[PDB]
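*Asks:* Just passing along the structure, written as structure tokens.
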Amino acid sequence: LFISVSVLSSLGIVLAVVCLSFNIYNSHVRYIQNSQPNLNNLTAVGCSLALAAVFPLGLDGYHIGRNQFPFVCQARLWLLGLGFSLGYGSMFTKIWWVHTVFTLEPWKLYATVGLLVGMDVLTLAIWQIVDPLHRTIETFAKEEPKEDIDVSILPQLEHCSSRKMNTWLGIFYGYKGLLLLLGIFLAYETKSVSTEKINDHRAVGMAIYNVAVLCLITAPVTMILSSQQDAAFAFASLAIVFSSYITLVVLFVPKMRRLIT
Amino acid sequence: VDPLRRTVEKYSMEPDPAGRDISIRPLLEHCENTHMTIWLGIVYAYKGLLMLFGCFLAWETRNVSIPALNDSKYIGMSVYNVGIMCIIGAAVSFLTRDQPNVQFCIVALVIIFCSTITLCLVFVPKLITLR
Amino acid sequence: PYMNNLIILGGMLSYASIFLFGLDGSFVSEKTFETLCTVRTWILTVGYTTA
Ligand SMILES: CC(C)(C)c1cc(C(C)(C)C)c2c(c1)[C@@](O)(C(F)(F)F)C(=O)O2
């Protein structure tokens, strides 16, 4: 499972980099300048980071070791959080400006996306400096393997966890969930606007709905299924992989299908 | 072939009450058979096949563009929500067998959400114009 | 409208399958349970396919 989803995430980051190179290869020489290419390529790099955050999720004591563990936990946290922020804040900025200018200048877009990313990074950093992540082991009930070797096995399972999780994690999940619901609401409200300065607000609306649905599904399931490593890992990995694949395609393949006549 | 009989499992004899001197052994009633996965898989295969043909034919009729019966957007959205939520529910219910409350809450919310969406997205767009 | 009545029939059938999950054995005998475990499958699948 680990190597299969890692191959999938690698192909995902390859496609994301190819697509960002394409979109910047036609930066302003065509109508692409209408649909803000900076927001789109910020979304692409956010999806690339979120897909790259799949490898630290699968690395445990089978590969790394005890002393190299707090680096894997930190890679998990920072890659996943910053990737989600950079890949959702751009779409939310696009849709929020499309909403509020119809109920403008391209520097307010960057100002507010920087504000969102800064807020996410500041809160994640303050959480990580207050109660840092560290290795913790949780044990199961004893069992008896009957290979006639006459020994009792005490199955253990280790996972990155702070001192008091399910509280800070709960706050992050709730804040991101309210942001995602606002994204869905604003995307639904402004599906009829036909602004010419911003070309693809309907595509970012569809991608926002998809990402929000998949994230709101896989956020509590991973907390419930925590004591099963394969279930939780497969759920998080497939959520990331599918959300990134679909947002990349629905956000970019119409551009390269219209440009190629 | 497989009448899907009733089976009961037991585990964890040692749990104790508030001090009433009993070894409360908890057991749980289930409904399995010999090969549950094969039958459930062929059922989901048939349902997904009809879902896929419906989505295909709904995409093929995308460009009719009459303000009265186009409605392919609603077909797409409803089948997307139903597919994803039923797949997640069928994956989660099997992984939480030893938790009856969580299993029941998951499957009940899945059914409620899918049915209410596939009903609203078909009936509320009509009754919003008739006002 | 007749197909719409069909889909509303399917939707209410699927709603009716919520009750047949919570029945565990503290409300039901040991013989009605084994028949509920197939009547709920019947109801759910026919409601979905009808709709
Ligand atoms: C993708 C997104 C823009 C967020 C969207 C969201 C909705 C919801 C009402 C379910 C919130 C929606 C549509 C699009 C549709 O246009 C349709 F395409 F599904 F039909 C619709 O009427 O419903």
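Where a number appears in this text, it was derived from the coordinates with a stated rule and is not lab data. As a convention, Cβ positions derive from the backbone with ideal geometry for all residues, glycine included, and neighbour counts pool all protein chains shown.
*Asks:* Mind checking which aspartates and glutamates have their Cα closer than 13 Å to the Cα of C:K31? Skip sequence neighbours fewer than 8 apart in that chain.
*Replies:* B:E29
*Asks:* Which FRET efficiency, nearest 0.05, do B:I22 and B:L109 yield, Cβ-Cβ r, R0 35 Å? Provide the component values of the computation, followed by the final result.
*Replies:* Working: r = 35 Å, r/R0 = 0.99.
The computed FRET efficiency comes out at 0.50.
*Asks:* Below 8 Å between Cα atoms, with a sequence gap of 6+, how large is the relative contact order for the stretch B:1-60 in percent? List each step's numbers first, then the result.
*Replies:* Working: 49 pairs, mean separation 18.1, N = 60.
Across the stretch B:1-60, relative contact order equals 30 percent.
*Asks:* Which value, in debye to the nearest 20, gives the size of the charge dipole of the stretch A:54-144 about its Cα centre, when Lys and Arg are +1 and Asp and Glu are -1 at the Cβ?
*Replies:* Details: 6 positive and 7 negative charges, 54 e Å.
In total the dipole reaches around 260 debye.
*Asks:* Another question, if that's okay. Could you please report the charge total around A:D60, scoring K, R as +1 and D, E as -1 over all other residues with beta-carbon less than 15 angstrom from its beta-carbon? Can you show the working numbers first?
*Replies:* On the way: positive: A:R66, A:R76, A:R135; negative: A:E138, A:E158, A:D230.
Charge balance in the 15 Å sphere: 0.
*Asks:* Let me ask you something else. Using Cα-Cα distances under 8 Å and only pairs 6 or more residues apart, what relative contact order does chain B have, in percent? Walk me through the intermediate numbers first.
*Replies:* On the way: 89 pairs, mean separation 19.4, N = 131.
Worked out over chain B, it gives 15 percent.
*Asks:* If you rank B:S23, B:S115, A:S162 by fewest surrounding Cβ atoms within 10 Å, what's the result? Each step should come with its number before you reach the end.
*Replies:* Values: B:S23 9, B:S115 22, A:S162 19.
So the residues, fewest neighbours to most, are B:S23, A:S162, B:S115.
*Asks:* Hey, another quick one. Quick check on chain A: helices-only [θ] at 222 nm, where DSSP H runs of length 4 and up contribute -39,500 (n - 2.57) each and the sum goes over total residues. Nearest 500, please. Mind dumping the intermediate values first?
*Replies:* Numbers: 8 runs with 177 residues, N = 261.
Roughly -23500 deg cm²/dmol at 222 nm, from the helical runs in chain A.
*Asks:* Taking only DSSP H segments of four or more residues, each worth -39500 (n - 2.57), what value at 222 nm results for chain B once the sum is divided by all its residues, to the nearest 500 deg cm²/dmol? Don't skip to the answer; put the middle values down first.
*Replies:* Values: 3 runs with 79 residues, N = 131.
After summing the helix terms and dividing by the residues of chain B, the value is -21500 deg cm²/dmol.
*Asks:* Kindly put C:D24, A:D150 in sequence by how many other C-beta atoms sit within 10 Å of each C-beta, fewest to most. Each step should come with its number before you reach the end.
*Replies:* On the way: C:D24 14, A:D150 8.
Going from least to most buried by this count: A:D150, C:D24.
*Asks:* Ok, one more. Give the angle, between 0 and 90 degrees and rounded to the nearest 10, that separates the Cα long axis of helix C:32-50 from the longest principal axis of the Cα atoms of chain C.
*Replies:* 10 degrees
*Asks:* Less than 13 Å Cβ to Cβ from B:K10, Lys/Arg counted +1 and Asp/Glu -1: what total charge do the surrounding residues give? Mind showing how you got there, number by number?
*Replies:* Numbers: positive: B:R25; negative: B:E9, B:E14, B:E29, B:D98.
Value of the local net charge: -3.
*Asks:* Moving to a separate point now. Please compare each pair in B:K47/B:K73; A:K108/A:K255; A:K108/A:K176; A:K191/B:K126; A:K142/B:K10; A:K255/B:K126 to a cut-off of 27 Å on the Cα-Cα distance and tell me which ones are over it. List each step's numbers first, then the result.
*Replies:* Numbers: B:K47/B:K73 20 Å; A:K108/A:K255 24 Å; A:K108/A:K176 22 Å; A:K191/B:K126 19 Å; A:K142/B:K10 17 Å; A:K255/B:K126 34 Å.
With Cα atoms farther than 27 Å apart: A:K255/B:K126.
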